[PDB]
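Listed in order, the protein sequences are those of chains CC and CD.
Take the first sequence: its letters are residues 1 to 890, 913 to 1342, numbered as in PDB author numbering.
Residue numbering for the second sequence follows PDB author numbering, beginning at 253 and increasing consecutively.
Even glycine gets a Cβ: it sits at the ideal position worked out from N, Cα and C.
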Amino acid sequence: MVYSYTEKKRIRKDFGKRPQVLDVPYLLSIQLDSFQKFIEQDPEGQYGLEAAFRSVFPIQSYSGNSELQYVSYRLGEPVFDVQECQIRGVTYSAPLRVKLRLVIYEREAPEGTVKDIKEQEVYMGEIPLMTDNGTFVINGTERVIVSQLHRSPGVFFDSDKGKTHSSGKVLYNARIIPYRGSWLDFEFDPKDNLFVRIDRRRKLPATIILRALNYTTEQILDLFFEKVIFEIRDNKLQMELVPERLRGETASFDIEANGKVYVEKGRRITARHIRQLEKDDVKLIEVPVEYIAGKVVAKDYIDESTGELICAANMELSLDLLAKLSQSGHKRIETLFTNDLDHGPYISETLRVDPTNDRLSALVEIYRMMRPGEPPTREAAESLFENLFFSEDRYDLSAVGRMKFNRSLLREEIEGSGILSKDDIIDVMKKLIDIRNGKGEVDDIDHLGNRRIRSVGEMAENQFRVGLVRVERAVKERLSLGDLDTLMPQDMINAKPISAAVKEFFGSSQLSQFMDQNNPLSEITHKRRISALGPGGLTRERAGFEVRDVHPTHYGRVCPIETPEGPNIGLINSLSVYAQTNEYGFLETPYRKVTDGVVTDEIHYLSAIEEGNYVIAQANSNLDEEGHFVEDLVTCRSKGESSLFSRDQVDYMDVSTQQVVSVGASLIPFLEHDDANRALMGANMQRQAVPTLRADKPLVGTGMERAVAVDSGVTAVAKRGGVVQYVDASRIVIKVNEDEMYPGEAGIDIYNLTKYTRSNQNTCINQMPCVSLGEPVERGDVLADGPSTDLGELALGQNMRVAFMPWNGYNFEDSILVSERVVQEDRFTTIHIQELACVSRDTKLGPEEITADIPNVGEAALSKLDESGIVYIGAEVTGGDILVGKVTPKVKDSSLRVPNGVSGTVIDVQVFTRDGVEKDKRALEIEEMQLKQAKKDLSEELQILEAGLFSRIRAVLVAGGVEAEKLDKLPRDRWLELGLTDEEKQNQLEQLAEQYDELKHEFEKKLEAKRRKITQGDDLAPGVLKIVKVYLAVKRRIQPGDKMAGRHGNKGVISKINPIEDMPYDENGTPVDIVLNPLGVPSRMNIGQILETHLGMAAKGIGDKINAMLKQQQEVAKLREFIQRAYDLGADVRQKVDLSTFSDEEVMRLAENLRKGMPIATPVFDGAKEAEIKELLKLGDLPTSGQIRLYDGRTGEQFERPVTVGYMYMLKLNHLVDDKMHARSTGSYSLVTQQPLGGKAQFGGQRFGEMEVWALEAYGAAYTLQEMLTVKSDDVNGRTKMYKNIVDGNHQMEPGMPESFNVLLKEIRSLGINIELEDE
Amino acid sequence: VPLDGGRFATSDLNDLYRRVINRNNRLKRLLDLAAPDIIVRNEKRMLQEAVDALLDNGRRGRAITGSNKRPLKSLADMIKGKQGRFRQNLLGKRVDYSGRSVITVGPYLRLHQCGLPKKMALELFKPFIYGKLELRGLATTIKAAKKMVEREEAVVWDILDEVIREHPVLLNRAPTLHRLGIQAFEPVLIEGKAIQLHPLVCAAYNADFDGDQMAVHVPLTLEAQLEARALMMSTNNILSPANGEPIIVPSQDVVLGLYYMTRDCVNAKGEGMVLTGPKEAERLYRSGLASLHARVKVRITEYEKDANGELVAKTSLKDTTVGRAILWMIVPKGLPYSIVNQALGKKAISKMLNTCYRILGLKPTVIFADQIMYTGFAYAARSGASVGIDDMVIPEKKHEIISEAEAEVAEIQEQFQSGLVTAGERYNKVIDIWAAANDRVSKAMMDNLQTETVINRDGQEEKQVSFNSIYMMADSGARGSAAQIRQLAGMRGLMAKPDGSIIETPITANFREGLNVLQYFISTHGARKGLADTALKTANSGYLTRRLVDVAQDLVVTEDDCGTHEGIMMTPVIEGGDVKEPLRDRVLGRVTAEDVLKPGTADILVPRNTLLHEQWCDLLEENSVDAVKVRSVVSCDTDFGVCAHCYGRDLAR
DNA sequence: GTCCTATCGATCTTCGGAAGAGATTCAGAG
DNA sequence: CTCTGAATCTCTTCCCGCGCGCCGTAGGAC
Ligand SMILES: [Mg+2]
Ligand SMILES: [Zn+2]
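If you want it as structure tokens, here you go:
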């Protein structure tokens, strides 16, 4: 057994029992391997930019009769890396270069080119790149593309009751949904006439398509219907009985011959009669003329002699018609079999709607129904009809759509073309008619086998296609008209349409979300959201219980708990922990192979429609350490049904008890106990915790923290193994070991940590070291904590000591009462960093300046600016302080002032300048910083190679060919001028001094390039001269009104900040830190929070025994004994750990991190039994009831009965109150109508909205209302007369008439509608 | 308007008029230059099709756009509907002198107060503050007082605490379904930043305290203060508008405390002695000499208001408990002690409070309600009424009840395994076997909770009502009655599929114990349905109330008595057998339509237009009356309104 | 690079809203 | 031959507050 060097510092005591056979996949492979799938070229041309290019090129005009064609593409390295790009505020992007070859043919000749011109990689655009954290950077702002989930291409059959006609019956419908191009709907009319339409246009008679494919009705009838024949021999019109065509229906008429009668008139027909029908060989039989007089004919019948019609396919027969046509010599008359149950006549019925004659008349009807007002025309019509279904420019089932289609038509194969074909539509019709004949089933729409995930690497491939589609339309024309003589490919194309397409996508699409960089969980659970909304999806306002609800295939694929309750429940889901995207995009999830009777430890991923074909055991099911099930019969799910089945009947097993959830819920301990309301609100509140100041560890967790904090990319992780060379909380630098070094390198990995910086939500993000100088580290160890982490565990909140009890009502209803001790400790203080910016311009009156020489203001304000016109770093500032002394010509003091209300310390400034514009000493101050920071880190390589190279001189001197009359005092390349002879050592000296010079020249260009990065200005917007951004850090504390939450979806405002003496304290005199209310636990059934408290209490107790054993100077062998006795506690828990191997050093180093509570894991559905919590509390010296008697610090009286006390984990949420408290006396008003502005970002007035006005009207209160909506609001006179009457204290109003109502009058009178006020 | 740098905001109409005027410039040209019919029919079409845009863009074949297919908002799009003047700016509009904050509970408030932050009061009341600094002559005028407020000088608070000293401020949450959703309170100043609201009133707002923001408005004029104090002040609104039922209905912790205070425990310290009054009952409690729920006898006095309305005071021994003696001290002097002499719970105390309003009236009732609140909080504290997992009680018969029912389900299965029962019958009987198990588990668990308390009566054990923590909360009506405790420790029971059809194998577990993965996953088909319903419903409910006020708003009570003799007839609603509502629900407080006779003949009982107030409806309940004819607003023959008598009792008064 | 003039007058606006009601379109017949 | 039934089309409605976040005419000709 082994633990990595960052595990072996706080080995979380694990209570899990099921052995985790599959370790959690890298939590963002959803995203990264999607974008990698876009960005890689791939000669198997599907997927990626290359697939899109090969979707358009080769490209040509017929009249140009020449082409240009895509050869290959290259993607250059990005002009600025992520860190610098995120400073400079551009987007992190890469230049796209494409080998286009233009080919010039000739007339008359064979096509052999007159010339062709490979343009040496024409520039095509700048595609953004994904950062390894899975995020794009789009205008310095960091953005995330959520995966979409939408209806896969294919064919889908559907039906409903009551939603249509409601006379008990149901109507059936088929759709073909291509990936790109037109939708085709087939549907029956109630009277089972069949109809078709494109793109939800008008309804058409369905055979209009078969007509359009030029089947005659005779052929259609041979495609759809079974034949029944009459042979006019042995007697007039004998009949071809196929026996099985009579079963269950009544023999209402005479059928007999030759010996035993099968079934006489009026009786059902059955098997024994059919067998007698077979044994008599009923190949022809006598039937009454009423039977033939029922028929509809199959085939066309002219009279050959007159040459003229008597009957036609699907025309209906009668005795006299039969007589004349058989009399005309047509001795075989042929018709259809149409039993109403099994063979309904729907296509013949459709031929009774049909207005068409044949192909052309249908194409006429198509073109007139689709493009009303354009002329139909034989040469023109096909340029509609073919581009509906048969042409690549406008119809495309991708490979997934073809697969799904073929699977539903039960085809043998799935390598198929993306267009339809005649037989491809006909098969849909046949399958739809089988459904109406009752012999088939409709698909469940909302099934994760019918909806597939699209992620970034596919949405961007489509938007890039829209680009190439608009270049198609330009380049075809330019090629067709062009001379082909001077044009080269970089004339043929230009980037602007591609760049528009892709930049608008990544910038502004409904799915290019601005990342919730709130804390490391919220980064991740956002990068793996599954969204039903957006382009090609549904809409949040326009769906109902059919899709919001969970479905049985969600299990293991989508988390049922973690969805953002509100107007879009379940239109957003979170992709479950273990789930994965299949090749095609369907969600698939890993299961264990059950081989005969033993659970084999191999995992097969199952998609949602493989799963229904097996029976799959629930993850809890026990096994015998050989791996046979222990239970003789076991719970499994099967076909959405679940039940018990035999041992060795079951065929797959779940991989882990965590498989059903997302990371967002998988982090709740004891989830096994909570109402799924309160699980949901928990798993939504964890992603809102703001990173507190001094974050640590949850004492009770699930062991998922060790993964969320690492995979979220925000802790800095050791890229290669080695030893820590230096640390200073800004840099960490690692001497990588030679077993993982690359041979020419210096061999030294710096990590410049990010310090105090705004998150996208204004919380700070300073990384801090966890290493010590000279400490060893191994690849993948956490070197530095992120925000909200410590030692690499996720740590959103603080393990506050809580007791559950009423307290004089301060924790009524939900509220949290808090002791002053928590605020004094800086437990929940949090740092909020704002960014304020002053732009400056080349305006129409002339160019602005930044200066201290501001007009109309004296040193009373300017004392905080430097001499340049920017605030000093470390200035502490408040409302109205001038941060940046901008001024405008013709001079106007327009300068950046700190907005009202806010306050903070100015932690940093940045300065950006156009080209050809002068700097200033705060630009030179920033240059001095950044230059020096680049140069230092470069020197720490050049120094290391210089030292190595002079050793490489010294050693092969000192070992042999010594010249050491004096040695180390000398400049170690002046060592060359010593008198060594022209034996090889002097030539080694000369060569290695040339290697030393070239080592200098190497950095002599590397530092020049770096300084050139810093020396330059930046790509400002048009009009601006320069911009400066100034950052205010605020250390906000905690106060009444702030919100805190547990993990269990318990939440409250904190209501009072009680002084320590008022907190309850125990029989040992320690006060409780928080007092939660009890009644919420039964009333909202989230009792898992109690077991977290008790297990938390035990967690404190073990640290309590350890801390005592470190204050007392216990020897390690006794201390190790107690720690070991803690890890081995419980049943056959999964984990094993041997402090015997920890070398004493690391036992003390471990104890020094347990000494405030042993951290515990309670994996989600696999937790501690109660009997193991008691066992831990007994190992501490604690009361196993979990409860303690408490006393009230207001009197020292005892409380009656003990109360729960223990260490809950509590999160401060980002809804803290000073960010919401607001009030307005008077200030701005809007221009169009004079009502007040609305906001906090503007000094706004609260909306006395519509419902409040009914509320006043429902008291008698008329004067209040009159005021509220005029004098206080709108009447431009009355409010200034009111204000003066109030300062005069007159308490009287003059109410007038609101100016918004006069706006209405003019806006009506701006129609030709004379509205007017009237007098009497 | 210009925006960020030298760019005009795309100001839609000016793009529409621009279309028109361009087209008109061309059409004047091509008319005067005398173009042929086909050309002028072109421009004339394009002009008509442009003025079409300017009036009501998008009633055309397609709305015209100037961006990524954003339709430009035309005039008629400015008038109508949810973003247009009538709803957006006329009917309700933003207002000055307002602010908002997170509310938080303030237990010490008297019912009429709320605390609001000094920062807000100072930024809200500014006009009134200037109206004192000039009146002190301490500031020269606005120009100085503005600065003197900005500097936040030491005087200003003593001025503020004179400005505000009794100026009602209006607090309302949003949405605000009903009149009780805006109320006025006298403010009291606070150091923090939250609005301290009164505990009992949070229920009216449906203000939970979990971070639920609330807006405040100052009324400016004298008339707005007189309306606020007379009508909207919380003391004037103890009743619902909708039904004769209090809205001050006690907060869960208050009723928990009063339940705990008034129980009897058959063994206690100081049990069985005899006392001369509540005061020495309290000395006995507070010194720790008697336990609060100990049995005792006390001398009591109580008061009754006679047939005239004047007090008769009476005195007796009473047999009771220490805590019922202490609680009697809070009741105003006119109620009978028989209302307190019982272990109180949420229904029992609501009627307590209601009877106070019945007998004394409003002004004592609001103070009595305040005292109840303070009392319940204080004894609920001493009670230490915690919750703890050792207090979840599982009846061990549960194990047998499953192990029995499982085989009987397998009997239904074995018949099915022999074809001996139909595919419908197998299912619809199995789910009834699970129901028969579930009722038994629930019944055994409620018996076990009551069973957990038994104690030595100085010799031999005897049982009493269980002090088990979760059972106090159910049996008191604080929170979480039968349907919750059943799930916490009984069984979770049957669950339903998405299409409502029932699961063949229930959740026989409960949240004290673990759900396995499947039981949990099926559990979410419940809860996610219930959340989808909430988020989906909250639209249609609002569109319903809109349609209603916007049809009802034309009515006002406008005559005293329209003079009808017509009306409609009220009976208990008798259906499905028994009566689902008695007559005293329907008829109370309407006026009689016609003379109401004695059951029988010729004896009249109520004159023909008398309000049937409570003493009349109790009288009808003394009689064998079944049907009563009353006036109803549908029959009131007032034109353009309703007469008062036809409407009858005002429920809030 | 700036200023002025115009929109697919050589396509393709999205299927995944329901409803609920009206205006407007057609049966079986006196 | 069109008169009362019914049939397909479009129009209109869809909680209240609130807080962030960003993003914001183009193309051609002189
Ligand atoms: Mg709330
Ligand atoms: Zn009336």
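To which residues does DSSP link residue 466(CD) through a beta bridge?
Taking the second sequence and counting its residues from 1, one reaches residue 466(CD) at position 214. Note: residue 466(CD) sits in a beta bridge opposite 353(CD).
When you measure from the CB of residue 1064(CC) to every non-hydrogen atom of ligand 1, does any distance come out below 6 Å?
As a working note, residue 1064(CC) is residue 1042 in the first sequence. Answer for residue 1064(CC): no, Cβ out of range of ligand 1.
Shorter than 6 Å, the distance from the beta carbon of residue 308(CD) to the closest heavy atom of ligand 1, or not?
For the purposes of this step, residue 308(CD) is taken as the residue at position 56 of the second sequence. No - ligand 1 has no heavy atom lying nearer than 6 Å to the Cβ of residue 308(CD).
The alpha helix (DSSP H) with residue 636(CC) in it runs from where to where?
The residue you call residue 636(CC) lines up with position 636 of the first sequence. Taken as a continuous stretch (DSSP letters only), residue 636(CC) belongs to no alpha helix (DSSP H), being part of the beta strand (DSSP E) at 633-637.
Compute the beta-carbon to beta-carbon distance between residue 147(CC) and residue 453(CC), rounded to the nearest angstrom, for a pair I have assumed lies under 8 Å.
By one-based count along the first sequence, residue 147(CC) stands at place 147. By one-based count along the first sequence, residue 453(CC) stands at place 453. With 8 Å as the limit, residue 147(CC) and residue 453(CC) qualify as a contact, their Cβ atoms being about 5 Å apart.
Given that residue 844(CC) touches chain CD, what residues does it touch there, using C-beta distances under 8 Å?
Position 844 of the first sequence, counting from 1, holds the residue named residue 844(CC). Simply 258.
Counting along the chain, where does the beta strand (DSSP E) carrying residue 93(CC) start and finish?
Residue numbering aside, residue 93(CC) sits at position 93 when the first sequence is read from its first letter. From DSSP, the beta strand (DSSP E) with residue 93(CC) extends over 93-104.
Using C-beta distances below 6 Å, list every residue in its chain close to residue 763(CC), excluding the 5 sequence neighbours before and after it, in chain order.
In the first sequence, the residue the question calls residue 763(CC) occupies position 763. Excluding sequence neighbours, residue 763(CC) sits near 690 and 691.
For residue 406(CD), does the count of other Cβ atoms within 10 angstroms reach 16, so buried, or fall short, so exposed?
Counting from 1 along the second sequence, the entry for residue 406(CD) is found at position 154. That one is exposed.
Is it true that the CB of residue 592(CC) sits closer than 7 Å to the CB of residue 655(CC)?
Along the first sequence, read from residue 1 onward, the residue named residue 655(CC) stands at position 655. Along the first sequence, read from residue 1 onward, the residue named residue 592(CC) stands at position 592. A contact, by the Cβ cut-off of 7 Å.
For residue 1022(CC), tell me which candidate among 927(CC), 966(CC) and 270(CC) has the shortest Cα-Cα distance.
Position 1000 of the first sequence holds residue 1022(CC). Closest by alpha carbon: 966(CC).
At a cut-off of 6 Å, is residue 464(CD) close to ligand 1 when judged by its beta-carbon and the heavy atoms of the ligand?
Reading the second sequence from its first residue, position 212 is the one you call residue 464(CD). For ligand 1, at least one heavy atom lies less than 6 Å from the Cβ of residue 464(CD).
Give a yes or no on whether 7 Å exceeds the smallest Cβ distance from residue 582(CD) to chain CC.
Residue numbering aside, residue 582(CD) sits at position 330 when the second sequence is read from its first letter. It does not; no Cβ of chain CC falls within 7 Å.
Hey, is the stretch 548-561 of chain CC in contact with the stretch 572-587 of chain CC, meaning 3+ C-beta pairs nearer than 8 Å?
The answer is yes - the stretch 572-587 of chain CC touches the stretch 548-561 of chain CC, with three or more Cβ pairs under 8 Å.
So, for residue 893(CD): in the same chain, excluding its five sequence neighbours on each side, which residues have a beta-carbon less than 8 Å away from its beta-carbon?
Here residue 893(CD) is taken as the residue at index 641 of the second sequence, counted from 1. Only 807, 808, 809, 810 and 811 meet the Cβ criterion.
Is the CB-CB distance between residue 1122(CC) and residue 1229(CC) below 7 Å?
Within the first sequence, numbered from 1, the residue matching residue 1122(CC) stands at position 1100. Within the first sequence, numbered from 1, the residue matching residue 1229(CC) stands at position 1207. Cβ distance < 7 Å, so residue 1122(CC) and residue 1229(CC) count as in contact.
Answer yes or no: do residue 134(CC) and residue 520(CC) have a C-beta to C-beta separation smaller than 7 Å?
Your numbering for residue 134(CC) matches position 134 in the first sequence. Your numbering for residue 520(CC) matches position 520 in the first sequence. Their beta carbons are not under 7 Å apart, which means residue 134(CC) does not touch residue 520(CC) by this criterion.
Say whether chain CC places a C-beta atom closer than 7 Å to the C-beta of residue 890(CD).
Translated into positions along the second sequence, residue 890(CD) becomes position 638. Cβ-Cβ to chain CC under 7 Å: no for residue 890(CD).
How many angstroms separate the CA atom of residue 581(CD) from the CA atom of residue 547(CD)?
Looking up residue 581(CD) in the second sequence gives position 329. Looking up residue 547(CD) in the second sequence gives position 295. The straight-line gap from Cα to Cα measures roughly 17 Å.
Decide if residue 1305(CC) is buried, meaning its Cβ has at least 16 other Cβ atoms within 10 Å, or exposed.
Your numbering for residue 1305(CC) matches position 1283 in the first sequence. Classification of residue 1305(CC): buried, given that the 10 Å Cβ count is 16 or more.
Can at least three beta-carbon pairs, one atom from the stretch 347-367 of chain CD and one from the stretch 450-459 of chain CD, be found at a separation below 8 Å?
Because the criterion of three Cβ pairs below 8 Å is met, the stretch 347-367 of chain CD and the stretch 450-459 of chain CD touch.
Is it the case that the Cβ atoms of residue 663(CC) and residue 710(CC) are separated by a distance below 7 Å?
Residue numbering aside, residue 663(CC) sits at position 663 when the first sequence is read from its first letter. Residue numbering aside, residue 710(CC) sits at position 710 when the first sequence is read from its first letter. Taking 7 Å as the Cβ cut-off, residue 663(CC) and residue 710(CC) do not qualify as a contacting pair.
Using a C-beta to C-beta distance shorter than 7 Å, which residues of chain CD count as neighbours of residue 1244(CC)?
Translated into the one-based positions of the first sequence, residue 1244(CC) becomes position 1222. Per Cβ cutoff of 7 Å: 351 and 352.
Nearest-angstrom Cα distance between residue 1171(CC) and residue 700(CD)?
Position 1149 of the first sequence, counted from the first residue, corresponds to residue 1171(CC). Position 448 of the second sequence, counted from the first residue, corresponds to residue 700(CD). Those two C-alpha atoms are separated by around 50 Å.
Going by DSSP, what residue range makes up the alpha helix (DSSP H) through residue 87(CC)?
As a first step, residue 87(CC) must be located in the first sequence, where it is residue number 87. Element bounds for residue 87(CC): 82-88.
So if DSSP puts residue 652(CC) in a beta bridge, which residue, or which two residues, is it bridged to?
Here residue 652(CC) corresponds to residue number 652 of the first sequence, with the count starting at 1. Answer by DSSP bridge pairing, in chain order: 593(CC) and 616(CC).
Let me check understanding here. Comparing Cα to Cα, which of 714(CC), 234(CC), 976(CC) and 262(CC) lies closest to residue 247(CC)?
Within the first sequence, numbered from 1, the residue matching residue 247(CC) stands at position 247. When each option's Cα is compared against that of residue 247(CC), the closest is 262(CC).
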